[PDB]
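Let's start with one chain on its own, the form deposited in one PDB entry, as structure tokens.
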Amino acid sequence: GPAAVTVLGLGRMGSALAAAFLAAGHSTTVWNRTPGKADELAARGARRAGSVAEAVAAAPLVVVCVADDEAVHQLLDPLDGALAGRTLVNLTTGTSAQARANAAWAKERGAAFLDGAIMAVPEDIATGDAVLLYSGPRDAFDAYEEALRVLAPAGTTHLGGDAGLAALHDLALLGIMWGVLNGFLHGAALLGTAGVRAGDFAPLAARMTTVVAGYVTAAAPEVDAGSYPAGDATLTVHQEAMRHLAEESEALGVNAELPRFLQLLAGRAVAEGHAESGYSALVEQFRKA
């Protein structure tokens, strides 16, 4: 039946992971450095382990979700032989270098290793909206996919064998998130000068964000072909509208560094021959240090 699992880390996210495993019928053993965080899970059927060593011994699948890579090694480095024969899944946030170093670290302890990235807030764990990304040996992912999938039943993806891939994808997706939020917050500042509450702008901003998701899909073949048709706006047209957004900002006393930076990316592409190309031509300067 369902694999036994251990979750190390009972912060907001780790607690959500443990609850999802337990709700799906998995034997779920939990442990946390700060005390008093396991009482509700234990009441629902989780096992509160007496130590990190006991917790790791409880299951073949060991899921870690703590503050950072330093915290991971604070828990696991003292172990001696505990991880041999197990599969370690690190859903802690970190870098690609930390992920690759962890794969080698785990291999020396006789453990399989998958790095993961949680592309979700805790309340979206175990919903159709959650996305969790994994990288490392495919055999370990395939063996535990059915257990891992409870965390993101419609969004569990193995990216490939290089253990650093999940962290790279995590940072790239965060880049999109920050692009959205900066655009929303700068626009909320701009429209707020005209008496528009952020709650009245947000439905338009969320709708437009969903529309632009489709523009991302349209852009991908252009990037892959290296061919950048203007569509309905050359980069000259984009550049002029960006200048307009900077002018609106400056006239209202709103910070204009973001629209000027956007205008600079476009202006550079224009100076390098893309005045008549579509927006996807901006990938060319993103590729060059």
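Residues carry their position along the shown sequence, with the first being 1.
Chemist: Can you tell me which stretch has the higher mean Cα B-factor, 270-278 or 11-19?
Modeler: Taking the mean C-alpha B-factor of 11-19 and of 270-278, the larger value falls to 270-278.
Chemist: I need to verify one thing: averaged over C-alpha atoms only, is the B-factor higher for 118-126 or for 71-79?
Modeler: Looking at the recorded C-alpha B-factors, 71-79 comes out higher on average.
Chemist: Say you rank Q263, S249, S227, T28 by Cα B-factor from the PDB entry; which sits at the top?
Modeler: Top of the list by C-alpha B-factor: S227.
Chemist: Sorting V196, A101, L204, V150 by Cα temperature factor from the record, which one lands on top?
Modeler: Highest C-alpha B-factor among the listed residues goes to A101.
Chemist: Using the B-factors in the PDB entry, rank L173's C-alpha atom against the chain and give the third, lowest, middle or highest.
Modeler: As the PDB entry reports it, the C-alpha B-factor of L173 lands in the lowest third of its chain.
Chemist: Can you tell me which third, lowest, middle or highest, the CA B-factor of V5 falls into for its chain?
Modeler: CA B-factor rank for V5: lowest third.
Chemist: Based on the deposited C-alpha B factors for this chain, I'd like to know if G183 is in the lowest, middle or highest third.
Modeler: It falls in the bottom third of the chain.
Chemist: Among all modelled residues of this chain, ranked by Cα B factor, put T34 in the bottom, middle or top third, i.e. lowest, middle or highest.
Modeler: Within its chain, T34 is a highest-third residue by C-alpha B-factor, going by the deposited values.
Chemist: Grab the CA temperature factor for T93 from the record and place it in the lowest, middle or highest third of its chain.
Modeler: For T93, the deposited C-alpha B-factor lands in the highest third.
There is also a form deposited in another entry; it is not shown, and the following applies to it.
Chemist: Between the rigid parts turning between the shown form and the other one, which of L168, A82, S249, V223 is at the hinge point?
Modeler: Every other option is far from a hinge; the hinge one is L168.
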